[PDB]
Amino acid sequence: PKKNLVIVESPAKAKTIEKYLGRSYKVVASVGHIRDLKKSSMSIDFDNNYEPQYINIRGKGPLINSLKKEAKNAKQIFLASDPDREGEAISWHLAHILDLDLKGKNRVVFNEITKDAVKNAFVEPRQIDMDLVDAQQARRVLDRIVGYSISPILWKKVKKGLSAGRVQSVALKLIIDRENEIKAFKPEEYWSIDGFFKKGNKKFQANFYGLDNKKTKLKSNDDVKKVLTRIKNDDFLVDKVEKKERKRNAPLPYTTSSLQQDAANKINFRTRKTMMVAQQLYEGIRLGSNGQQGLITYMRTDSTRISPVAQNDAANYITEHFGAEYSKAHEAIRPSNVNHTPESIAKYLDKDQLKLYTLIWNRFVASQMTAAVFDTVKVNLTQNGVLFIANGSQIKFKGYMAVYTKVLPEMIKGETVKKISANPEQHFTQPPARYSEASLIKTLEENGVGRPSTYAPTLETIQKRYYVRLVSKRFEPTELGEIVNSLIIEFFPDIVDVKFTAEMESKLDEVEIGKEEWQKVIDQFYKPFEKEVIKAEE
């Protein structure tokens, strides 16, 4: 009786998958990477087109030996690593250590850890995708060449122990450019006027807009006076009434970027914690006697697609719980089972897992719902050329907002309302906001620089390196970060450059699809970079 071997990256994953598979399957964790570049040397074969020189990781020897013994005992080997570039290179390193044939169909991929998703994966296993593997290799070779080339230069000109990276340097320069804008900003005093009116004895508020049919900027207390003195009596003509219905569509389901943004904005999660907790949700949590189950789809994704089956089950949850009026190869981040309401499984989750799951559940359900609808009214109240604007809003259909506004007294053109009081208020303009974790992520996504694997580590290493601090939830450059940024701008300008770095990520994308040869991406980077390293070592 010889079993099937299934290798996974973590024990929590193996425990979860173990129940799903049954007798003729043995499930073991490799506990992270087992092969890596050498730590004590560059570990790139520059005579053989940048081929990485890998070793078995220092310390993992005994683990590796036991994997080899289990593989000998096994009937067939299945590599069940996560479905991304990194998971494919893990599977390739295991193939290498276990002497498996790369033409064999030993790779099984799934994007949630549920009994149904797991078993469908073994129905059609595939061979290892060497394009995905080469895309991981390229990133690893790039980051190694950059890190081990620049770091000694920082040690020479700044301080021992320093390091830099590609996307980390882009982010740091973006933060320093924003700080330069802040320093150069010139605040200005300006004033507003709140008005309080009545139609009948129904009170409401309208804000000063301007004089003589233009918007008016009030720069001082004297400008407020000039408005005030134009106001003779309390009578205001309803010069116009505007009405509309406003449709607020539903957000898309979470990607890695939008999950990280929402978690940081809404529940004060640092991005590292968001990914840590998502991983717990994903790899499997004990739901009591029903044992461990994966509660969300895989959390590293840039897809917003929902699968047909997942779509149908949510429509049914929505139709049944709100009304059918609220409905309509990778995937977004969603509950694996929508019927696992946050309320139901609350008792099985710690507080942090409860928050992130609640966030992911709400967002995915909302995203499967219909638009909210509002009833707008804009009302112009004019006297003697002075214009106040009243605004009113109420919801005509909650729509997706089901999972989570004042109205105006009635008016038509020509009626009259009475002015009770006006409240001038002093303000000062503010500079552009600092990057929060949210807006940094959003910026890195929109400008083409970030990817699901690189969002959280970039914001981690920039803080581990002490190049920025994070106060009142926004990044500020440190003095050391300014020093390092200036050196790299001086000697390696392209690695702070947004466009060159988004270009590189797109070339990595092409490697993944087999459109470009990974060694060529490295060579087009390395040939110019090499010259800059020589000149910086002068």
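Residue numbers here begin at 1 and follow the sequence given.
Engineer: Checking chain continuity here. Are there deposited residues lacking coordinates between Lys328 and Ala329, and if so is it 1 to 3, 4 to 9, or 10 or more (or none)?
Structural biologist: The entry has a long gap there, with 10 or more residues left out between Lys328 and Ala329.
Engineer: Scan the PDB entry between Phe428 and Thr429 and report the missing deposited residues as one of none, 1 to 3, 4 to 9, 10 or more.
Structural biologist: None; the chain is continuous from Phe428 to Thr429.
Engineer: Tell me which stretch has the larger mean Cα B-factor in this entry, 311-319 or 148-156.
Structural biologist: Higher mean C-alpha B-factor: 311-319.
Engineer: Per the PDB record, is the mean Cα temperature factor higher over 17-25 or over 525-533?
Structural biologist: Taking the mean C-alpha B-factor of 525-533 and of 17-25, the larger value falls to 17-25.
Engineer: Which one of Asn268, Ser220, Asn233, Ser258 shows the biggest C-alpha B-factor in the PDB entry?
Structural biologist: Of the candidates given, the C-alpha B-factor peaks at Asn233.
Engineer: Per the coordinate record, which of the options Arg469, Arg58, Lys473, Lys68 holds the highest CA temperature factor?
Structural biologist: So the option with the highest C-alpha B-factor is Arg58.
Engineer: Of the three thirds of its chain by CA temperature factor, lowest, middle or highest, which one includes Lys186?
Structural biologist: Ranked within chain, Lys186 CA B lands in the lowest tercile.
Engineer: Tell me, lowest, middle or highest third: where does the Cα B factor of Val109 rank within its chain?
Structural biologist: Middle third by C-alpha B-factor.
Engineer: Going by the CA temperature factor in the PDB record, which third of the chain does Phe204 belong to: lowest, middle or highest?
Structural biologist: For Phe204, the deposited C-alpha B-factor lands in the highest third.
Engineer: Place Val417 in the lowest, middle or highest third of its chain's C-alpha B-factors, as listed in the PDB entry.
Structural biologist: CA B-factor rank for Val417: highest third.
Engineer: Pull the Cα B-factor of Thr478 out of the PDB entry and bin it into the chain's lowest, middle or highest third.
Structural biologist: It belongs to the lowest third of the chain when residues are ordered by C-alpha B-factor.
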